[PDB]
Amino acid sequence: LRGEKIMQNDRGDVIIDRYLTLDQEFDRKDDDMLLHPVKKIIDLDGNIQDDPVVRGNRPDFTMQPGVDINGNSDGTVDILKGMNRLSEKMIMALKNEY
Amino acid sequence: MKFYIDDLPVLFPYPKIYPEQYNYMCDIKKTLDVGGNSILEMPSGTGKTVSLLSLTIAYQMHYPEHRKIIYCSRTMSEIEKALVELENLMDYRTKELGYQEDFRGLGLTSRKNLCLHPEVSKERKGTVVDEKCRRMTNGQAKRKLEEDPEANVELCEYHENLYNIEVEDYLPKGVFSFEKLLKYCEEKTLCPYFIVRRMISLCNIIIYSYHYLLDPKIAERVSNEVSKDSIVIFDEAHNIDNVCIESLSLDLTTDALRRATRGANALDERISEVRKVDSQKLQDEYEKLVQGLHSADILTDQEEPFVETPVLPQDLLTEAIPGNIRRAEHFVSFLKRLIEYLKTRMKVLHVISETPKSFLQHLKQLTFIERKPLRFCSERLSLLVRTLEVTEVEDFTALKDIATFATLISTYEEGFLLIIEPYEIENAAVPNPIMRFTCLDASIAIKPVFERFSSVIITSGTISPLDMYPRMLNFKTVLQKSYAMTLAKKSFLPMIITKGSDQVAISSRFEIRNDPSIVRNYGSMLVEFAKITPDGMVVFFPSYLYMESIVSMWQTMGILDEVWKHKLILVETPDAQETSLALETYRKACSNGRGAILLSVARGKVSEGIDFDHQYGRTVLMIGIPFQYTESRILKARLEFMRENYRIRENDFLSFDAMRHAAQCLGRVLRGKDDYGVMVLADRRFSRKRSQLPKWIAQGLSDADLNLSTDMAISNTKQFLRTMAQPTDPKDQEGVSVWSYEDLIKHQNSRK
Amino acid sequence: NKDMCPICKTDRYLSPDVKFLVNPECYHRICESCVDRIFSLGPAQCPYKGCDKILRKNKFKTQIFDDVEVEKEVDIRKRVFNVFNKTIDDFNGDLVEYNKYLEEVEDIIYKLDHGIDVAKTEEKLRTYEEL
Amino acid sequence: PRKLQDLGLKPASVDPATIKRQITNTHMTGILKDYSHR
Ligand code: SF4
Ligand SMILES: [Zn+2]
Ligand SMILES: [Zn+2]
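Chains as they are written, first to last, in the authors' numbering: chain 1, 296 to 393; chain 0, 1 to 752; chain 3, 9 to 139; chain X, 275 to 296, 312 to 327.
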């Protein structure tokens with residue numbers, strides 16, 4: 296929750312760790328809660344979909360999310376989304392029923 | 001206002017006008033009258049789109065030729081902005097002229113952005129959307145339904161409803177933005193995608209992206225409808241070379257070839273099934289092929305080829321099929337052994353760079369495939385797929401890449417290069433061979449445009465130097481100049497920081513990305529600027545990987561904690577939708593006074609059209625020069641090609657490529673002359689790059705700001721921000737930065 | 009079962025030096041070790057369950073492509089093109105005639121590969137090479 | 275282990291031979322603490 300990169304070395308707590316999977320479900324639920332159509336003025340999705348048949352050289356590894364030797368994600372992208380998600384939720388909470 | 005040029009009456013949609021706009025408008029008119037190409041660079045703080053539309057639209061409405069206007073942008077977002085500006089002018093003209101003159105203006109985009117079908121518009125990729133729309137609009141469903149009403153094949157109500165009305169009555173006279181177009185079409189159950197495409201020939205001004213003009217896959221259909229004497233405008237063309245290069249590029253992977261074999265086997269199985277039951281279709285296609293007809297003759301206007309043409313229309317052979325790939329089974333065997341040859345070439349152990357001619361010779365040796373049949377591979381595959389009743393083409397999708405490779409490599413031999421690398425990612429446990437077909441000459445894709453059209457206007461906010469672009473792209477210009485904004489009081493403070501508060505040099509070089517001293521200095525700079533920045537602060541990083549690494553280090557070091565106190569942190573992400581959501585949240589925070597900081601990539605999706613005017617953008621933090629990845633096979637080959645052909649030094653182009661992106665981000669913070677912000681370039685290497693910046697940015701950069709420190713820069717930022725908040729004296733800007741109608745007449749009289 | 013000799017079952021893991029060869033006559037994969045022990049003395053029946061075609065050791069060659077079917081197409085194509093060879097100028101620029109000729113040689117390869125009519129095709133190849 | 279490497283088989287062991295083992314003012318008798326390094 297704080298944004299720290301989880302370290303497998305850290306033992307943690309057995310009881311609290313049971314909610315790690317539950318927290319993952321809330322993250323997906325929160326993403327849908329925040330997902331809504333965006334104005335075409337600042338709609339970045341349309342820009343990449345302007346030409347759906349663009350065929351070109353793939354970008355270098357510097358322009359892609361980092362990966363490790365095994366090839367799976369290093370996990371640094373998750374914390375970026377987490378902080379992004381936190382800001383979105385905080386702003387959304389302002390526009391409440393009141 | 002309504003002022004006069006030598007003979008052209010132009011109606012400006014504002015009561016006031018900047019001196020730069022009038023000079024910009026005057027130069028554009030001269031270019032159109034004299035004919036030819038021009039490169040005009042104007043500051044981002046002055047209205048450019050409104051000035052372009054005002055003069056160009058007035059030009060056609062007055063002169064007898066009534067030349068149409070072609071507006072080219074780099075992204076779909078800019079299309080909406082231009083259309084909104086386009087709507088502004090026509091509304092003002094209608095009010096002033098007392099009537100709505102006959103005028104049609106539409107934007108053109110993909111199906112994904114204009115699909116109203118409840119079931120086909122819920123996809124995450126445009127390729128799937130196109131396939132589903134084609135299935136319901138190819139005409140197979142309509143013909144099957146007519147023969148047998150019991151057929152379960154469905155149709156699209158939006159597409160069908162268009163047949164009832166005529167093309168001229170699809171939309172009322174006027175300008176229809178994407179937001180307005182969707183609303184109008186939804187109320188009447190019509191397809192905006194088909195409305196615009198069938199209506200291009202009737203539009204006075206048509207707006208689309210560069211891909212619709214440079215990429216042959218989608219350019220040929222649109223280019224055939226537009227006129228030949230129309231005015232062509234290239235807006236924000238400071239990165240047009242990249243668009244041209246990617247139009248004729250391809251990448252092949254082991255997975256793609258593996259999937260291609262599965263598709264080839266499926267096609268062979270399908271041909272056998274069709275042969276057993278319905279062999280007349282094969283004979284009918286074969287008979288037409290023997291005659292000499294091509295996809296254009298056989299395919300109806302309602303349907304489209306399965307494989308989009310990968311080469312320019314002028315490079316397509318006009319002769320008949322060679323014969324080796326005339327029959328379905330023979331073509332499949334021809335296609336199959338080609339895939340096998342590609343697979344064996346991917347088992348190399350070192351990077352191999354070879355020209356297309358050498359690749360063809362080796363192919364002609366190991367196998368017996370000639371050059372000419374390859375050029376027809378894409379054309380032949382589309383015909384075969386069309387006649388095979390392939391309603392579901394999920395398996396055959398992989399074969400499109402193979403067909404594209406064959407046609408591209410067998411067509412061009414100069415300006416193209418093939419790279420085979422055993423390691424797509426050097427940091428991988430197992431090799432992942434990748435084959436890249438690259439275009440080195442950027443003028444090949446834009447050559448047809450500069451010849452088909454007589455007058456072309458190239459305009460942008462940070463297109464400098466203006467001499468390189470004619471060098472890089474083979475064209476000549478009648479005039480090329482850059483304007484300097486005549487602002488009474490300085491509104492933008494460009495500064496360069498070469499060291500931190502500790503006086504230690506700071507740079508964003510990749511090899512020292514994980515440096516405690518450099519990372520801390522940048523983090524302290526980020527925190528310090530967030531303390532004083534009132535509303536919005538945008539930070540651009542050289543690459544996404546650098547941003548990911550440095551941000552993680554900041555989190556561990558606790559730097560992000562201090563930033564969280566004063567501003568919300570929004571970070572660009574690979575997912576386009578998430579990044580769009582971040583922008584909405586970032587704008588909301590700035591508007592409500594909470595304050596937000598946006599971390600993005602200088603070469604990312606945010607920098608390619610998203611602007612931070614007024615409160616949204618008040619401070620631009622350029623963390624290092626956005627240099628490309630030097631140790632890249634694609635870049636090194638292109639650098640060598642330019643050096644040998646255009647005599648452009650490798651270092652010079654690398655500096656030019658990086659500076660244009662840095663300036664691009666700098667110019668996205670000013671909209672009018674009342675907008676202000678601070679632009680800080682944080683790297684020791686920006687110190688000597690002052691001459692490389694745009695003229696209007698270099699002018700504002702003082703000598704004392706060439707090399708500053710974090711503490712010194714912060715002090716200037718605080719002083720500058722305080723000064724800009726004071727009420728401006730009107731008399732200091734009555735007729736030196738903004739002109740009324742009377743002031744403009746004075747300028748005309750004095751000049752004459 | 010994709011990296012071992014079907015006969016001796018010499019797995020690559022325990023025998024990293026194992027090298028596999030193929031024979032044009034039946035296009036079967038056999039390791040080099042089996043080739044020497046069974047064919048060094050002279051020609052012998054192919055050591056496969058359901059293959060009774062005789063072959064010689066000298067005819068063995070390394071496989072180029074990883075697909076056996078394409079190998080048969082290419083080698084048959086090479087044999088055919090060794091006899092049926094012509095260029096555009098041979099017909100004095102008659103592209104229509106050249107296109108027909110290309111189909112005829114292409115069709116000949118198709119029939120030979122799938123054995124639609126082996127006797128007539130092979131006899132047809134035999135007569136042309138003398139010309 | 276050497277023999278397996280000759281045959282191309284990875285040996286999961288090593289040769290054991292390769293393992294390497296691995312003055313004034315004396316009226317302040319004990320007040321002075323040795324702060325030799327910082
Ligand atoms: S016709 Fe238009 S609305 Fe219907 S599926 Fe195609 S793009 Fe979508
Ligand atoms: Zn064996
Ligand atoms: Zn055999």
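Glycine included, C-beta positions come from ideal geometry on N, C-alpha and C.
Integer Cβ distance of residue i from residue j, believed to fall under 8 Å
i, j, result
"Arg649 (chain 0)", "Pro626 (chain 0)", "Actually they do not touch by this definition, with Cβ atoms about 19 Å apart."
"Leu487 (chain 0)", "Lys673 (chain 0)", "6 Å"
"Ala266 (chain 0)", "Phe376 (chain 0)", "Not quite, the Cβ-Cβ distance comes to about 22 Å (not below 8 Å), so this is no contact."
"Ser410 (chain 0)", "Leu374 (chain 0)", "4 Å"
"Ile506 (chain 0)", "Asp683 (chain 0)", "7 Å"
Cβ shell of residue i (< 8 Å), same chain only, five flanking positions each side left out
i, result
"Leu171 (chain 0)", "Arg104, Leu106, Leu181, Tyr184, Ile195, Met199"
"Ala141 (chain 0)", "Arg135, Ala151, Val153, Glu154, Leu155"
"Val113 (chain 3)", "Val88, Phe89, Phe92"
"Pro32 (chain 3)", "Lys67, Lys69, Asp83"
DSSP three-state assignment for residue i, whether helix, strand or coil
i, result
"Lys29 (chain 0)", "helix"
"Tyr18 (chain 0)", "coil"
"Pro516 (chain 0)", "helix"
"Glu154 (chain 0)", "coil"
"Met1 (chain 0)", "coil"
"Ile339 (chain 0)", "helix"
"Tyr21 (chain 3)", "coil"
Beta-carbon proximity list for residue i, same chain, < 6 Å, skipping 5 on both sides
i, result
"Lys567 (chain 0)", "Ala530, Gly595, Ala596, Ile597"
"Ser209 (chain 0)", "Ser73"
"residue 763 (chain 0)", "Nothing about residue 763 (chain 0) can be read from this structure; chain 0 reaches only from 1 to 752."
Straight-line Cα distance separating residue j from residue i
i, j, result
"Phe656 (chain 0)", "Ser632 (chain 0)", "17 Å"
"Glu179 (chain 0)", "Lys125 (chain 0)", "21 Å"
"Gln303 (chain 1)", "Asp322 (chain 1)", "21 Å"
"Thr573 (chain 0)", "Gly377 (chain 1)", "11 Å"
"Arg276 (chain X)", "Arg295 (chain X)", "22 Å"
"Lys122 (chain 0)", "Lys17 (chain 3)", "53 Å"
"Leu299 (chain 0)", "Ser177 (chain 0)", "32 Å"
"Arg647 (chain 0)", "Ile559 (chain 0)", "46 Å"
"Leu666 (chain 0)", "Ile39 (chain 0)", "20 Å"
"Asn107 (chain 3)", "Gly101 (chain 3)", "11 Å"
"residue 757 (chain 0)", "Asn645 (chain 0)", "The structure shown does not extend to residue 757 (chain 0), since chain 0 spans only 1 to 752, so no value can be given for it."
"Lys718 (chain 0)", "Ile532 (chain 0)", "7 Å"
"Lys10 (chain 3)", "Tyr118 (chain 3)", "28 Å"
"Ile457 (chain 0)", "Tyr71 (chain 0)", "10 Å"
"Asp44 (chain 3)", "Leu63 (chain 3)", "13 Å"
"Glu285 (chain 0)", "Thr391 (chain 0)", "18 Å"
"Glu146 (chain 0)", "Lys95 (chain 0)", "50 Å"
"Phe653 (chain 0)", "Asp611 (chain 0)", "26 Å"
"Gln60 (chain 0)", "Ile28 (chain 0)", "13 Å"
"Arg751 (chain 0)", "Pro332 (chain 1)", "52 Å"
Environment of residue i [buried if 16+ CB atoms lie within 10 Å]
i, result
"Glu421 (chain 0)", "buried"
"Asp729 (chain 0)", "exposed"
"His294 (chain 0)", "buried"
"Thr630 (chain 0)", "exposed"
"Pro313 (chain 0)", "exposed"
"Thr710 (chain 0)", "buried"
"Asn204 (chain 0)", "buried"
"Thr309 (chain 0)", "buried"
"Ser201 (chain 0)", "exposed"
"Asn164 (chain 0)", "exposed"
"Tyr99 (chain 0)", "exposed"
Contact set for residue i: own chain, Cβ-Cβ below 7 Å, skip 5 residues either direction
i, result
"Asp280 (chain X)", "none"
"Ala320 (chain 0)", "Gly292"
"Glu186 (chain 0)", "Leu116"
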